[PDB]
Amino acid sequence: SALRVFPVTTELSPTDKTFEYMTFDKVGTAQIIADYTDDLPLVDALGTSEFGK
Amino acid sequence: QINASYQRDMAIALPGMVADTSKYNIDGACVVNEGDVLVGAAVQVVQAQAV
């Protein structure tokens, strides 16, 4: 029943050997400030990937 | 009668005022803890939060 328990997709060509998928993320923060402030915190983003055969 | 003309000069500075606009730096993410702080007086840092 392994073909009915889990989904079966169709995305790879008959000549493929490897597939990849990506992921993204972000970081950052915030603070309480005053009238004159020059120290605002910053933010950034990320990324990563995986492989299959 | 002889007329008169009077002239007075402004003061130069106030306590805690920035003197020259030459490459300063201001920290505004501080908080006063357990006391009062006068303008134009030095301060000290008791504890800086980690996160």
# chains A, B, ... in the order shown; residues from 1 in each chain; ligands from 1
call {"tool": "interface_residues", "arguments": {"of": "chain B", "to": "chain A", "cutoff": "8 Å", "atoms": "only C-alpha atoms", "output": "VMD selection string"}}
result
chain B and resid 25 to 30
call {"tool": "select_by_dssp", "arguments": {"residues": "chain A", "states": "strand (DSSP E)", "output": "ChimeraX atom specification"}}
result
/A:19-27,44-52
call {"tool": "residues_around", "arguments": {"residues": "residue 22 in chain A", "least_positions_apart": "6", "cutoff": "10 Å", "atoms": "only C-alpha atoms", "output": "list in words"}}
result
residues 47, 48, 49, 50 and 51 of chain A
call {"tool": "closest_residue", "arguments": {"among": "A:44, A:10, A:52, A:5", "to": "residue 24 in chain A", "atoms": "only C-alpha atoms"}}
result
A:44
call {"tool": "atom_distance", "arguments": {"atom1": "CA of residue 23 in chain A", "atom2": "CA of residue 41 in chain A"}}
result
24.6 Å
call {"tool": "residues_around", "arguments": {"residues": "range 32-34 of chain B", "least_positions_apart": "5", "cutoff": "12 Å", "atoms": "only C-alpha atoms", "output": "compact mmCIF listing (two decimals) with N, CA and C atoms, in the first residue's frame"}}
result
# COMPACT_ATOMS: atom_id res chain seq x y z
N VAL B 43 27.35 60.08 33.72
CA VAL B 43 26.54 58.93 34.09
C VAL B 43 27.42 57.69 34.13
N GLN B 44 26.83 56.58 34.55
CA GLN B 44 27.52 55.30 34.61
C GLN B 44 26.54 54.20 34.22
N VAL B 45 27.09 53.11 33.69
CA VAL B 45 26.31 51.97 33.23
C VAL B 45 26.39 50.87 34.28
N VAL B 46 25.24 50.47 34.81
CA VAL B 46 25.18 49.45 35.85
C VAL B 46 25.17 48.05 35.26
N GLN B 47 24.29 47.81 34.30
CA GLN B 47 24.17 46.49 33.69
C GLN B 47 23.61 46.64 32.29
N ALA B 48 24.25 45.99 31.33
CA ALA B 48 23.80 45.97 29.95
C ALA B 48 23.13 44.63 29.68
call {"tool": "select_by_dssp", "arguments": {"residues": "chain A", "states": "helix (DSSP H, G or I)", "output": "MDAnalysis selection string"}}
result
chainID A and resid 2:5
call {"tool": "write_last_selection", "arguments": {"atoms": "N, CA, C and O atoms", "output": "mmCIF file, in the first residue's frame"}}
result
data_model
loop_
_atom_site.group_PDB
_atom_site.id
_atom_site.type_symbol
_atom_site.label_atom_id
_atom_site.label_comp_id
_atom_site.auth_asym_id
_atom_site.auth_seq_id
_atom_site.Cartn_x
_atom_site.Cartn_y
_atom_site.Cartn_z
ATOM 1 N N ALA A 2 2.132 1.196 -0.314
ATOM 2 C CA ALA A 2 2.990 2.373 -0.274
ATOM 3 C C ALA A 2 2.638 3.405 -1.336
ATOM 4 O O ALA A 2 3.021 4.570 -1.186
ATOM 5 N N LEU A 3 1.937 3.017 -2.397
ATOM 6 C CA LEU A 3 1.493 3.972 -3.403
ATOM 7 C C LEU A 3 0.169 4.632 -3.050
ATOM 8 O O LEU A 3 -0.218 5.601 -3.712
ATOM 9 N N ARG A 4 -0.532 4.136 -2.029
ATOM 10 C CA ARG A 4 -1.757 4.758 -1.554
ATOM 11 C C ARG A 4 -1.589 5.491 -0.233
ATOM 12 O O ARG A 4 -2.374 6.400 0.051
ATOM 13 N N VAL A 5 -0.599 5.116 0.576
ATOM 14 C CA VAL A 5 -0.362 5.826 1.827
ATOM 15 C C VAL A 5 0.186 7.228 1.584
ATOM 16 O O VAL A 5 -0.252 8.188 2.228
#
call {"tool": "decode", "arguments": {"residues": "range 11-51 of chain B", "atoms": "C-alpha atoms", "output": "PDB file, in the first residue's frame"}}
result
ATOM      1  CA  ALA B  11      25.139  84.109  26.611  1.00  0.00           C
ATOM      2  CA  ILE B  12      27.415  81.533  25.014  1.00  0.00           C
ATOM      3  CA  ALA B  13      26.142  78.195  26.316  1.00  0.00           C
ATOM      4  CA  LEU B  14      23.746  76.278  28.562  1.00  0.00           C
ATOM      5  CA  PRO B  15      24.459  73.207  30.704  1.00  0.00           C
ATOM      6  CA  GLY B  16      24.376  70.002  28.695  1.00  0.00           C
ATOM      7  CA  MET B  17      24.364  71.727  25.304  1.00  0.00           C
ATOM      8  CA  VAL B  18      26.365  70.346  22.385  1.00  0.00           C
ATOM      9  CA  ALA B  19      29.266  72.718  21.757  1.00  0.00           C
ATOM     10  CA  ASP B  20      30.363  72.005  18.175  1.00  0.00           C
ATOM     11  CA  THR B  21      28.752  69.948  15.413  1.00  0.00           C
ATOM     12  CA  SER B  22      31.934  67.944  14.823  1.00  0.00           C
ATOM     13  CA  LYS B  23      31.512  64.156  14.642  1.00  0.00           C
ATOM     14  CA  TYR B  24      29.390  63.376  17.695  1.00  0.00           C
ATOM     15  CA  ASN B  25      27.622  60.181  18.732  1.00  0.00           C
ATOM     16  CA  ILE B  26      24.399  59.859  20.735  1.00  0.00           C
ATOM     17  CA  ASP B  27      23.065  56.734  22.470  1.00  0.00           C
ATOM     18  CA  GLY B  28      19.295  56.827  22.910  1.00  0.00           C
ATOM     19  CA  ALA B  29      18.645  53.196  23.904  1.00  0.00           C
ATOM     20  CA  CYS B  30      19.440  53.710  27.598  1.00  0.00           C
ATOM     21  CA  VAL B  31      17.117  53.841  30.596  1.00  0.00           C
ATOM     22  CA  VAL B  32      17.567  55.612  33.924  1.00  0.00           C
ATOM     23  CA  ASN B  33      17.530  53.273  36.920  1.00  0.00           C
ATOM     24  CA  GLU B  34      16.951  54.183  40.573  1.00  0.00           C
ATOM     25  CA  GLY B  35      17.703  57.876  40.774  1.00  0.00           C
ATOM     26  CA  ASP B  36      17.676  61.165  38.896  1.00  0.00           C
ATOM     27  CA  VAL B  37      20.140  62.446  36.294  1.00  0.00           C
ATOM     28  CA  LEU B  38      20.858  66.140  35.785  1.00  0.00           C
ATOM     29  CA  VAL B  39      21.661  67.531  32.353  1.00  0.00           C
ATOM     30  CA  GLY B  40      25.353  68.251  31.932  1.00  0.00           C
ATOM     31  CA  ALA B  41      26.498  65.573  34.394  1.00  0.00           C
ATOM     32  CA  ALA B  42      28.317  62.289  33.897  1.00  0.00           C
ATOM     33  CA  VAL B  43      26.538  58.930  34.094  1.00  0.00           C
ATOM     34  CA  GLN B  44      27.515  55.299  34.609  1.00  0.00           C
ATOM     35  CA  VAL B  45      26.311  51.966  33.229  1.00  0.00           C
ATOM     36  CA  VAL B  46      25.183  49.454  35.852  1.00  0.00           C
ATOM     37  CA  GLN B  47      24.173  46.490  33.693  1.00  0.00           C
ATOM     38  CA  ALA B  48      23.797  45.970  29.947  1.00  0.00           C
ATOM     39  CA  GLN B  49      21.118  43.436  29.047  1.00  0.00           C
ATOM     40  CA  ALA B  50      22.379  40.440  27.089  1.00  0.00           C
ATOM     41  CA  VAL B  51      19.497  39.972  24.619  1.00  0.00           C
TER      42      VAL B  51
END
